[PDB]
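Please read the structure below before turning to the comments.
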Amino acid sequence: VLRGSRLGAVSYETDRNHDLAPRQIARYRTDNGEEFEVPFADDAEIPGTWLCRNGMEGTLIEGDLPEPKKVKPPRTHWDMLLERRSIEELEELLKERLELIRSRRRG
Amino acid sequence: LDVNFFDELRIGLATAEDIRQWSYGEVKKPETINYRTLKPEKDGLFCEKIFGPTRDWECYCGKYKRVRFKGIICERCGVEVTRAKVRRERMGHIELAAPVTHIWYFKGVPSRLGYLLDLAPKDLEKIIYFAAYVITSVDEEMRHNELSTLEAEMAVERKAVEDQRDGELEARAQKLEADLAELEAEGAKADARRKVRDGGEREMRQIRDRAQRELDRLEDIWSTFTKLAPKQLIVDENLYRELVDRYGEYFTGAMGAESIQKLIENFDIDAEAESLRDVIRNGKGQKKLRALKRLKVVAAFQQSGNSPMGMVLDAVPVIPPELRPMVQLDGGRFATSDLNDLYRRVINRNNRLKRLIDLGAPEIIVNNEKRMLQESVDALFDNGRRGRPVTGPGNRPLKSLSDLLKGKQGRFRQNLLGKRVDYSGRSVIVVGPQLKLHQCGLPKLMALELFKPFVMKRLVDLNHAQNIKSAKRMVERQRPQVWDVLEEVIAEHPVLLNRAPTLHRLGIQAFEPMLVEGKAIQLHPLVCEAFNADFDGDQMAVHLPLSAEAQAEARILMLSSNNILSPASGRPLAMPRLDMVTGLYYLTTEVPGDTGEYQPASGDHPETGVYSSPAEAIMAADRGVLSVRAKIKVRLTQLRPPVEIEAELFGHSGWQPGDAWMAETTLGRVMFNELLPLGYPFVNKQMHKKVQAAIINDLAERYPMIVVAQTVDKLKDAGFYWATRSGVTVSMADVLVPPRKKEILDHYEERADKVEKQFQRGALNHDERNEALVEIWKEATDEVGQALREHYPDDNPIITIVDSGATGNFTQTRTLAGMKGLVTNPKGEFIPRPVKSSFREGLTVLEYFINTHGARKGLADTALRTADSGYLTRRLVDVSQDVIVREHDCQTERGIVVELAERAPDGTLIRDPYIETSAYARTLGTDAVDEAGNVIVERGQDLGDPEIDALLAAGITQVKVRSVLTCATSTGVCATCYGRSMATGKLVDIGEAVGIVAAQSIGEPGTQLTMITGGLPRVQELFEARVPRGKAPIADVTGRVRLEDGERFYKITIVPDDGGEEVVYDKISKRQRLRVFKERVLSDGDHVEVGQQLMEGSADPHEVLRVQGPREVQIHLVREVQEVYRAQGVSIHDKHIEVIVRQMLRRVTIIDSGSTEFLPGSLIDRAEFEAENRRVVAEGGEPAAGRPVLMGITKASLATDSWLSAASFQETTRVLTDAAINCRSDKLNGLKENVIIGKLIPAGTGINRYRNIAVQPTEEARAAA
DNA sequence: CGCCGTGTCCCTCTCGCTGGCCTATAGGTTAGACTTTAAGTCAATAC
RNA sequence: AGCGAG
DNA sequence: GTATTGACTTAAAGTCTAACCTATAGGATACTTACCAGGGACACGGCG
Ligand SMILES: [Mg+2]
Ligand SMILES: [Zn+2]
Ligand SMILES: [Zn+2]
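Protein chains in written order, with full-length UniProt numbering: chain A, 5 to 111; chain B, 2 to 1012, 1024 to 1090, 1096 to 1282.
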C-alpha cells in the first residue's frame, strides 16, 4: 500500500470532562457590530485584537483600547512621482495645462 | 448524534449569512503547507487556526497541550486545542470581492434564474459573463415628465446635425460648381467631365449616407430610451456608453452577477406570481405553456419562505481540509486532493480582484477579473458545464466539487449504498457433494483470518495465551494449537456466501461453515443453480454476521436449507440437476426384456420374478441376476402405495408402516421411493426433470421445509451414485450420423439449383430468391433433424441426456450430428449458403468462417444485454422501494377477474395454459358461484391446486381474486391482497419487501431474454411507458371501420354507433399490416369494439389508458410483459408485474386547480389528491378535476417525495437543484434513505412491531429455575 | 397559434486480479553557546 | 491497460 | 525499614548573539489581438 499520512498524529488519552483547566470567555467586537466570544485561558493576557470568525479583526470590548499605529499607505503614485520629479517643474506643467484649458474655454 | 433523533433531512438554499455562519473563519490566502517544514500555513486552505489542529490537543506552536487544556485557544497562534478529527467537520468561507451566481441555478436546463427573472438563457449568460449590460431600474416618472424636455434637447441636437448636413450639401454644391466650371471651361474628354461630376455626386451620396448614419445614431438611441424598462439587455456597449453619458440618469444599468443580484432585489415575488397566475388562467397557447413552466419556479420561492437570493453568492463555503486531504505518500511525494487547486484558483482571482479594485483600474481589466472569478467559482462547483473543462497536469479535467456526487462512481452510489466491509473474504468455489444443504466448507486459513477476533478471545480464555497481544501473535504465526480452538469458535456460527452479480435474493445465502483443508470454499451442488455458480473459476465472497440479530437473521431468514423455492415462481431451486437428474432417470427408468424381469408363464414353472422384500431384491441385484431397471413384483411393507391401490385394498385408513402390498415396479423405483418421506405415496414413474420438479413442489407444499431439505439431500446423494453407475459417456462412436443425409442433401440442392436458374433468367429479384433459398434450406434442416431423431436409439448417452431433462436441447444434438443449418449474417439476416455439415463431420474452412459471425455477434450481444438488464433491474428496484406489506387485510371488495379455462365451442373447459402464473397463489375476493348454486370456495382462500381443480370441476371460468392493483391500503400493500408468498409457500408476512422481490424476479430472467421490439427492449419500453415504434392506433368508439387503400399511407376511419363525431386516423403507413380481428382481418365497414387494435404491432399504453380507464391499461401491461417473458420460456408470477404496474399508476394529472395550490399539468399522488379534495369540500367546495396518468419506472421513481432517494437514483444535480429550490424535507421513510443514513430499514425485522418485541421468561420457567 | 428542425443533457451490469535573468534592503527565524535554575543523585545517620 | 466469472 | 541533611552533578530552560531565510522592490533600444456510438427527452428559433 502507498501508506500515506495526514501528518499530525493521534493521541488516545482518556477523555476527561471533570477536572478541566479554568477558562475566561473574552468578548470581542468587529467593525460590523458583531460580537464574538473566545475562550482564552486565565493564565495569559487577553489580546487586544482577534481575527474573528467574521474574517475581519475585532478589538476587545472592555476598556483598555490600546489603539496602536501602523505604516501609512504602503506607497502611492504621487510618492513614486516625487522620487523622480520635483515641485517646480510639476507646478510649471500645471500652469501650462491651466493656460491651455483657459484658452480652450475663453481663448 | 443518534439515528433515532434523525426524523427529517431538509435541503434548501444556503444564503450568504448561512455560509458565513457555518464558517469558523475565512480562508484569505491561497496556501496549503510550508515547502520545508511541511506544516499547515496561516490563513491558508489547510489553516490550523480555522479548521482545527492536525495533531490531537495542541496549538500550532506548542504552548497548550493535552486534554487538560480542552477547549482553549493558544493566544500566540490562535489554534483551538482539541481533537484533530474536527478537521473533517469544520468549514471555512471565502468572502468574494464581487458577487457570483451559483452555476446550478443558471446553466442547468431549464435555467431557474431565467425562469424566475424571465430572462432568456442567452441573455442571462451575456449579463452574468460581462457580454451585455442590463437595466435594473427606470424612473418612469422622470422618464414621463422629461419626455418633453429631453425631447426638446434631442430636437436641438437633431437640428444641429441637420444643419451640418445641409452645410456639407452646400459645400458639395460649391465644389460641384467648381468641377463643372473646370470641365466645361477647359478642353477635356466628353466623359471625363461626367466622370468627375459623378464622382462628386457619389461623394455627396456618401455624405448623405453619413447623414443617415447620424440620424440612426440619434433616433435609435431616443427610441431605446423611450422603451427603456427593467430587465432589458443591451449589446454593443458603444450605445450603452453614449446613453450613460447623455441620459445617464433616468436609468441604472449593470453587468454581471451583481446586476442579477440587483434585479432579484428589485423583484416582488408576490406580484409576479399573481400576474403569472392570471396569465395562465386567462391566456392560452404556447404563451400559457411558458407561463406555466415559470410558475413551477416562481411558486417554489413563494410557497416556502426561501428568498430567491441564494442563487447569487457573496461567500463561498470551504469544505473541511480532511475531505480534501494532502497526504505525504511513501517517498515524500505529496498528493493533493484536486479540490485545493480549484479553491486556490478561486482565492487567487478573488484576491487579485480585491487588489485591482483597491488600486483603481480601468473597467476593462476589472470586468475581465470579475468574469474570471465567476468562471473560477463555476469550475469549482461544476467543471466542464460551461466551456472547456478546467484541466490539470496531463491534460485531464479537474475533479470538481459536483463530480463527487454524480455517477456510478459518485458518492451517492459508490460509498453510501454500497460499501466495503470488514470480516469478509473471497475464494474460488469447488463442489462438495459430501456436504449438507445447510453447510459450506471454509478454508482453514480464511476462517482463521475471518474469526481471529473470536479465536484470540477463546485461546486467551483457554489459557493457551496469557493476554490479548500474545494471542494475536500466536494467531499471526498460526501456532499448531490454534486450530482446535478455531473449530470450537466456528461452531454453529453462520456465514453469508455471496456471488456477484446478485441477480436475485437467493444469491446471498447463510451456511453453517465447516473447516476444509485448502484454500477453496466447498459449495453444496444444489445451491449452484440458486447462485448460478459453476466450478470453472467462479469465485465468491464470505461475510461474517457479528451481532445477535445478525446471527439470528442469517440462521433463520437466510439459511440455505430454508430457501428451496424460487421467490419468483415458486418452483424449487435446490432440486437435483445435471448429474443427479441423469442418475435418478437411469435408476428409475424401466427397460423391457431385462435380466430378472417378471414373466407370468405357467404350465412348467411359476412366475419366477417375484421378490419377498426390497432386501431380497437388493441381494439379487448384488448377484448378476436382477438388474435395477427390470420390471418385477415385490412385497412392500414400508412405502405407502398410490391413491388408487390404497383406496382399493385399504380404502379408508391404510396404515402402511406395517401393512404389506404388491408393487409391480422396478427395483430402482423402490430404491428411489425409499428416499422420499414415509407419508409420500409410491410414485412409480420414470423421473424426468419435470417429474422430479413436480415431486419437490408437492413435497414442499405438503411437508415441512426441513423434511424437504433432507429429502432433497438424499435425492442428491442417490443421483450422484447412480449417475456414476449410469455409464453415460461420449465417443465418436456414440454420435450417429443419419444414413439418409446425402439423399436429402441432393433432393434439396436440386431445388436450390432450380431457384438459382430462376434467378439467372430474371424471374425474381435478389431478395425473393434469397427468401426462397432460406425457406428451402430451413425445410431441409427440419427434415434432416427428423431423420436423425428417428434414427437414434433411446439408450444413447447423447439422446439420454437431452431427453431426460438433465441438460441440453435437441437442436444441439442436431448441430453435433446432421446439419447445423442456416447461419446468421453479421448484419442479422440469414446466409443462404448454408453450413451443410455437422460438427462430428467437421466444418470446412469457409463453413467455419461463416459460423463464426453469429457466435461473435452473440458474445457481444450477451455483454450489452447483461448491461441493459442490470440497468432495468436497478430502475425496477428503485421505483418500487416503498411497496412492502403493512397490514393483514384491507377488506376491500375490489378485485381482478382471471379467466382460468376457456369454454370450448363444442362445450368443455380446457385449462388455460398460463394459469400457474395467473390464478395460483392468489386470494379470492368474491365467493365462487356454480350455476347460481352454493359456494365451491368462498372469499379468503389461498386458491391452490386443489382449489383450481375444484373450480374446473364445477364448470366456472372467471373468478375474482385479490391483487395488489386493487389494494385499499395507502402505504404499501397488505398481506391478503398480495396473496401467498411464493418462496415461503404461505401467506406473506407483515414486513416483506415485496417491491424488491418483484423487481428482482422481473429483472433476473433478463440476460436470458434473447433481445416490433420483442425482447428486453420491449419490456424496457413497456415499463418506461414510452410510445412504441409501431404506434398502432386503437379505436376510440364502437363503430364501423371505413378503411381505404392509400399510397404511402392508409386511413382507418371509423363511423361510430353513438352516432357522434367519427374520427379519422393519420398517415398510417402502408408498411404496417392490418390486424386479424375476430378470424376475418379488419374489413372495411366492420363493427369494432372500444379497444380492438386496428393496425399490427403494439399500442402505446397511454392511449389505451385514456380510452379504457386504469383497469384495461393494467391488464394490457401485465399481458404484454408476461407475453414477452413467456416467448422465451420463463415463468414469473403475475403479482410481481402487478406490483410494478401498481407503482406506475399512482398519480393524476391536474386539469383544474380549483382553488387549492394545484398547478395544471402537475402530477400529484392520488392519495394526496383525495386528501386535498376532502379538505376542500368543506369551507367552500372547489373540486379540482383530475385525470389518471401512466408514468414510467424512471419518471415514477424521480417523482418520489424523498429527495435523498431520487438524488441517489439518477440525475443527482437536477434532483438536488429542484429540492433545494423547493425546501423539500425528507421524512426518511423508504428503504434507500434508511440505508443511506445507516439506520434500520422499515421492512422485515426492522418494522416497529417486530423490532420492539418484549422478551422475558415465562413464569413457570422462572419458578422451575 | 401548430409543426419542424436543431442544439443540449443524461444514460448506458456486478464482482475481482495484476502493475507503471540578476542586484540591493530590510526584516524574521533558528542554531548555538552561556548562565541560571529546577531536578536527579549519593553518602552518612538516627530512630 | 491487458485478464477472469456471469 | 523509614524518618532526614548536606553536598554533587545534570537536563531544561531562558536568553543574547549571529546567519540564513523571507517579503519586497527594481531593472529604460524596441518589441502592442493565443491557440467516429446511439437513444431518449426537453428546450429554443423558423416557418407557415
Ligand atoms: Mg462460470
Ligand atoms: Zn500556540
Ligand atoms: Zn389489500
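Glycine residues also receive a C-beta, built at the ideal position from the N, C-alpha and C atoms.
Residues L449, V456, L460, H465, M475, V476 of the same chain have their beta carbon placed closer than 8 Å to that of B:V483, with the five preceding and five following residues left out of the count.
Leaving aside the five residues that flank B:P794 on each side, the residues in its chain whose CB is nearer than 8 Å to its CB run, in chain order, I800. Interface criterion not met: the Cβ of B:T16 is under 9 Å from no Cβ in chain A. For A:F44, the enclosing beta strand (DSSP E) begins and ends at 39 to 45. For B:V1130, the three-state secondary structure derived from DSSP is helix.
Looking at the DSSP output, B:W105 shares a beta bridge with no other residue. Within the same chain, Cβ atoms closer than 8 Å to the Cβ of B:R372 are found at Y130, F131, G257, the five residues on either side in sequence being excluded. The Cβ atoms of B:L324 and B:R350 do not sit closer than 9 Å to each other. Residue range 453 to 462 is occupied by the alpha helix (DSSP H) that includes B:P454. Per the coordinates, the alpha-carbon of B:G980 lies some 6 Å from the alpha-carbon of B:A922.
Those residues that bring their Cβ nearer than 7 Å to a heavy atom of ligand 2 are B:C60, B:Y61, B:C62, B:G63, B:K64, B:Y65, B:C75, B:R77, B:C78, B:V80. Taking a Cβ-Cβ cut-off of 8 Å, the neighbours of B:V328 in chain A comprise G8, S9, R10, given in sequence order.
A residue is called buried when at least 16 other Cβ atoms come within 10 angstroms of its Cβ; A:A45 meets this threshold and is buried. Considered as a whole, the segment 230 to 285 of chain B harbours 238 to 247, 258 to 266, 270 to 283 as its complete alpha helix (DSSP H) runs of no fewer than 4 residues, in chain order.
Taken in chain order, the members of the segment 21 to 50 of chain A whose beta-carbon sits within less than 9 Å of a beta-carbon on chain B are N21, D23, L24, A25, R27, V42, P43, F44, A45, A48, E49, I50.
By the 16-neighbour rule on beta-carbons within 10 angstroms, A:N36 is exposed.
Listed along chain B, the residues sitting closer than 7 Å to A:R57 by beta-carbon distance are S24, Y25, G26. In the structure shown, B:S425 falls within a strand segment according to DSSP collapsed to helix, strand and coil. Residue state for B:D890 is assigned as coil, using DSSP reduced to three classes. Looking at the backbone, the Cα of A:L11 and that of B:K64 are separated by about 19 Å.
Pairing B:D1101 with B:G1171, the inter-Cα distance amounts to about 45 Å. Annotation for B:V1194: the continuous alpha helix (DSSP H) segment containing it runs 1183 to 1194.
Short of 6 Å from the beta carbon of B:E757, and not among the five residues preceding or following it, lies no beta carbon of its own chain. Annotation for B:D164: the continuous alpha helix (DSSP H) segment containing it runs 150 to 186. Rounded to whole angstroms, B:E1036 and B:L1028 show a C-alpha spacing of 12 Å. Here the segment 84 to 96 of chain B makes contact with the segment 308 to 316 of chain B; the two share three or more CB pairs at distances below 8 Å. Taking C-beta atoms as the reference points, B:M310 and B:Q262 count as a pair closer than 9 Å. Straight-line measurement puts the Cα of B:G45 at about 26 Å from the Cα of B:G395.
Less than 9 Å separates the beta-carbon of B:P658 from that of B:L679.
Sequence-distant Cβ neighbours of B:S428 in its own chain, meaning closer than 7 Å and more than five residues away, are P444, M447, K520, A521, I522, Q540. Listed by position in the chain, the residues whose beta carbon lies within less than 5 Å of some heavy atom of ligand 1 are B:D535, B:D537, B:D539. In this structure B:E776 is exposed. Its beta-carbon is surrounded by fewer than 16 other beta-carbon atoms within 10 angstroms.
Using a 10 angstroms sphere on the CB of B:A818, the tally of other CB atoms reaches 16 or more, which defines it as buried.
Chain-ordered, the chain B residues with CB closer than 7 Å to the CB of A:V14 read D57. DSSP, reduced to helix, strand and coil, places B:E903 within a strand of the structure shown.
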